[PDB]
Amino acid sequence: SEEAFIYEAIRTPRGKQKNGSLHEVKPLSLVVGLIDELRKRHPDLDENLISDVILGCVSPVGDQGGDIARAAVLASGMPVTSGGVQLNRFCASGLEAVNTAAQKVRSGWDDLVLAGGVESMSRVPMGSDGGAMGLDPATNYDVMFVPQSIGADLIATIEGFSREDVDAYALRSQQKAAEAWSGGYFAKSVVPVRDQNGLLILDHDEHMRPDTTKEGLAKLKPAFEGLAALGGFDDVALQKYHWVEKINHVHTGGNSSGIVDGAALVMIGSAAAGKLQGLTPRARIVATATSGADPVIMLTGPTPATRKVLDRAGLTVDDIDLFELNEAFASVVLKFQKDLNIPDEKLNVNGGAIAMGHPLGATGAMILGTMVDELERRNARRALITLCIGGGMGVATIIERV
Amino acid sequence: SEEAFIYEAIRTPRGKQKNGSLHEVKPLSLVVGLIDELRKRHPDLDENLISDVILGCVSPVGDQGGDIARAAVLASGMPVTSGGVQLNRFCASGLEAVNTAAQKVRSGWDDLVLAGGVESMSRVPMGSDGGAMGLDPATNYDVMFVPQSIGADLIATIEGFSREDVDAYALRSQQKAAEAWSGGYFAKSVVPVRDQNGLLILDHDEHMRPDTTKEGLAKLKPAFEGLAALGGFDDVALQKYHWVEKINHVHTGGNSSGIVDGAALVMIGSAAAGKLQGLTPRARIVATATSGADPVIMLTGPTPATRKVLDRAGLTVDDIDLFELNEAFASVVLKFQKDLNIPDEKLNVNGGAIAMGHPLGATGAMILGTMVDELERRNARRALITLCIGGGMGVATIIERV
Amino acid sequence: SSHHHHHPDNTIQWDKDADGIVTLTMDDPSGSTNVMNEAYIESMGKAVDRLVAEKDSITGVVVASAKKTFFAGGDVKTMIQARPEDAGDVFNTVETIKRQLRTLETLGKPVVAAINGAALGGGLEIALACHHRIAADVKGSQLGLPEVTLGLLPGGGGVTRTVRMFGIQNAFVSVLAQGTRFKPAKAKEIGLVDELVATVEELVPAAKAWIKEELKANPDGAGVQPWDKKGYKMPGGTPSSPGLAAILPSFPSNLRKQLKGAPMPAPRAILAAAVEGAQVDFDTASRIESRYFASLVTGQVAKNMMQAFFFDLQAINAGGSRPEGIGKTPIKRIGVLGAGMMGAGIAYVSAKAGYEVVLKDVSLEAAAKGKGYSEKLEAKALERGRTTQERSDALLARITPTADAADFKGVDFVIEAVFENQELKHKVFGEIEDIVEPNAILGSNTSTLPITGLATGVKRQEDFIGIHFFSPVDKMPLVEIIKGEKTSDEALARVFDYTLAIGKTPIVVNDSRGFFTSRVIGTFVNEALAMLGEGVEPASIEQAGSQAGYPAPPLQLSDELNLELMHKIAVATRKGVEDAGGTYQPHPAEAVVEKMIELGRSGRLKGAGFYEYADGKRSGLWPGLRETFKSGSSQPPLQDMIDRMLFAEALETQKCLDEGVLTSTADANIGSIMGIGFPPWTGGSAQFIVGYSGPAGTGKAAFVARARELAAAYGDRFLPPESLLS
């Protein structure tokens, strides 16, 4: 019954995959830079009261292996009692870390925890860690593994989302992200990345394409790179979804999330912990929920996770002011909106990963922090944050402005 | 205020590193086998009430990459709503998963969770995932990275533990593990590993050497393999511990933990969850704590973690009936016993990793389950479980027999 | 461990020459072929023991055979009896076999395989344990690992060694997944053998000569396989290599694409064993392979496929349905009536077998196009190196097209392949009845019209007989022979022998409308159309067909079969029932057929059916189909849809047995697999009953219980015949 509160939520800008500004930055440095910013905001914070640092990371190998969270605690000069643990629940890892931190606070056994994520996809590409679901034939065969982009195309086929429908949502994402940046919505929480000399490396989400046109999006070709370009995956998906004759391939590089680098950090604590440290709570974690759906279509987890977290908090869709769902693919957002009858003006109001990028292990903590700021900016009450997850999982979180 | 209870705790036997019985078994199969055993024990268990599966894994790459916990949920036929997340807090990952599961239960947002770990060190060697603390020179230099075996030798040097002292503890570990096996203490919780035909692969901890003699241990050479055999690490350790002139290298393969394969699984839930499913609680998670000490000596985390968890539960050393500390190195146990004045007859009463092996990500859940059984066998009340962790971290857990 | 099974004649002759080379000549005295039976394991165990004991005086080993073939397969009679409780014994047996080969492989001296004839399954696995393989380039010699065709896998090291030799992808796709057989020249190209000799007499001398040269040129590496050297690199990489890891997730999906989701466990087991084995050392990989082999042998699918593709095929090829006592009769000149795709293919397989063929049609241009069918096949075979120019010219020279009936002079074996119409077939046969030889076979490629009625159009009805081929004839191996009421046994034997001569598999059927294949395949397509009329999604119906294991989904097949033909069959079925004094009850599919005909969408030939067609290509389901039959209103489980199609044919097969249409379950199983497209994992539509495995259990009793469950839910036509009850 110990309420968990969000005291700080920040993130780096997202650097692009090709000729990106963050490619020269070690992912450890991305996390340490955000720790330095938190220390810069609360210099008199007794860091000995921080009992853990929980980082989501989807490819914890190489530069991101060996418990990068503990490396960040030690490299940043945080106390040796401050813990450090890495977790991987795929694209939801950043939000899972936040939820796990909030549940540790509610248990009464941890008082002040840092949570977030980090992902340098330009240095540690997706799939660098391997895995049995994809690489073990017995497991792959039995689970009917299908790349996520084909699940996204199957959703658009089943729900009747045309190529123009998903390209219309992508255009709105570019526009909303540009308006948020030009409006100053992100000025307080996007921390510029600098080198050891204080020289600027990156201060903006360089994956954005604010001049995107509906005509330009229509000229892009369907996704033909990676595992999706390989054979048999359409047949596998239709063997489970046997009432669908043919998959309409509507998703491209322009209506899917970008490959980017970035990190995010959130400070979570109890009321007594914040009062002892002169911290002002920005939001309260109302409820979390973990659920899932079919792993073949993979990307329909957000709906059952959202229903579960709403029932847990005793709320309905109408009680939520802002819905934030990661934009891995345009059809996933349109499906989620159709499932729950979500108004457009509540959904991803500041743009999403189609415009700004999807740094796997960090995204969940980025869009969580984005909703903390936007609730405070609008003086609104409740936000629901959720992400689609590989293997069909779903995670949802409700926060309430304080 | 929602108490978390342990309903089941099982593990595989530990297969040795060289010509081991488990080398042919995929680590995913080790976890699925334990899931099948839990399903075999509670066939009418409504698995839709399981909201997460949390596995510790220290080298989550290759066969152990790609969120092996979610792979286990899908491969075992568990419901798609059952989650799946991998975490890495080094050697404590298995206990961290258990603690995280208990804290999720206390939060009221999860009702029934599977927690454990898996590590196939013969297939995925230690350090396969890399990491910046070791492989990044700026981070390695500043943190003064030192292999764990040299920290263990430094502890023995500072505390005055002779080569005969650590070899005496190793002999006791072999004897206690043999008496536990021959006495049937492990019959109910060690689940034999079988192939897809039901043929036996391994049914015992094949790393044990029950015929170990004090004379045989004295003939072993100090550790001269791995990173410890490389240069400069003694100098680095003594630069921080500048009052120590020379490190006494007392640890060998015979007084250190074995490299082994294995998995462990623990079922954790609330009182209402167990009552709804006809489950009988075996123990209650009283308190958890995360702390740490100097990362250069690395292996002294258990002491501050144990003091913190005792203060959290309002208990003292005398209130604990059984202390279980992972036997990564003999001197770590002797140091922990000297710090807190622990009687010998309370400490690792059924032997430890020196005899039976240390399957990194699984060990914390193995020795947790070992204490659940031994509390029930002795009809004792409280046990404290703790492990030393790389980077100087410490985690401790108190359970109470129900 | 031990080189022996526990602690039988001798099948291996030992010979050590003065140079120290030991020749192991395999010659099983109990059979015409060397097999991996108990005698071989004991004989090889003793030979390997002797190689170790005399290692100081032995410089090389030659593994040869004294039989027509090198070594052909294992002991199916034993494997088919392995129960799940016998998995330990099966595991121990293949482990012992591979322990023998592993010792032979690591003797520290070169071992050469002298492959004089066929080396299939365990026979090739023996040669793969050697360091050098020499094959005699003789006709009829085949090399390969066809274990997958019996529901098994190469459990004597075939998976492990081919993967070590070629890598995961090449070994699986080209060798293991389909059990491909290779000619000696074809095997040398892919690296399955290393060199060829013209005659078998050169083999053992060339094997000893290679050994002698190997000891002089490569002393340090003599007798060491590539995967046993330090620094061995697996071709294409290991699963941990970034190159292979990028494409490895698509290997099971490509497998599911080729298998269409059918429940056949052997290919999945082979791929798993191959990849899991590539992750570990050789000896660990071999033991993993043994565990997957044991999993298959004790499973029901392997027992179905061993029964059908080994025992039933053997009983048929031995003449089980051939008339007893009757001798052979040579065929001097074959005459084919009709130059369509059926007759053109019949002329191809006949000329390919060495027969002279007169291909007749009503147009010389049409008859020439028929021979052009054979020309295009031979050009394809010549371009792939599967034949020579001299052999191809002799094949085509045996086909003479004509439009003149007088050119049928000298024909002693007629095969008519015209439109399925009795009055047409009568006039076609009457044109040449007096021109062909007096005792000429009068064969008719008929699918449903009873042979007794067709035979009345000829004078010598004793020589009239049904000879039913399947399109495409050059690739379909079944010939359905139908005996008319007056068809003589001498005529049946002559067509039976012709079928074996052209390399096909015969079944013998007694005269009945629909025969066996057309009648049974009709219940398959009719069951799908009934589901369409019930409101089941057309896409689910096609998926149910492919996932059951059929080679083509049923709605696609209905379009090819022509719905006008299906309507005429239903008319003839109705006429036969009420002419016999009975009451005809129409199948629910007939209303669907009539509706599609009324809409003008009668199949692919018309250009519109359940699918749309454009540029001679099938281009998706007709979008108006869902509105016509209210698709989606009925959503039964996919397994119920699969079971409805499988049980319908299995029940109909049993009725054909009960009525005397078929005389053996072997003919029922092979006929259903090769002619009807019944899924091979079942072992045949009769084996499907005794081998049924479902939620209700296994065996005939479980089949009957599931049939009654389908009957209560979908109609009384699923009620089992009396012959299946206790």
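Heads up, residue numbers simply count up from 1 along the chain you see.
Per the header: X-ray crystallography, 2.1 Å.
Cβ coordinates are placed from backbone N, Cα and C, and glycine is handled just like the others.
Secondary structure at B:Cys91 (active site, acyl-thioester intermediate), taken from DSSP and collapsed to helix, strand or coil, is strand. The active site, acyl-thioester intermediate annotation in Swiss-Prot covers B:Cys91.
Cβ-based neighbour count (10 Å, all protein chains) for B:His358 (active site, proton acceptor) stands at 26. The secondary structure of B:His358 (active site, proton acceptor), as reduced to three states from DSSP, is coil rather than helix or strand. Residues or ranges marked as active site, proton acceptor in Swiss-Prot: B:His358 (among others).
The active site, proton acceptor feature in Swiss-Prot is assigned to B:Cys388 (among others). If you take the C-beta of B:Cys388 (active site, proton acceptor) and look for same-chain residues 6 or more apart in sequence within under 8 angstroms, you find B:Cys91, B:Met298, B:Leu299, B:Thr300, B:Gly301, B:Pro302, B:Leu325, B:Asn326, B:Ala328, B:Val332, B:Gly394. The DSSP secondary structure for B:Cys388 (active site, proton acceptor) is strand.
Around the Cβ of B:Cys91 (active site, acyl-thioester intermediate), 29 further Cβ atoms fall within 10 Å across all displayed protein chains.
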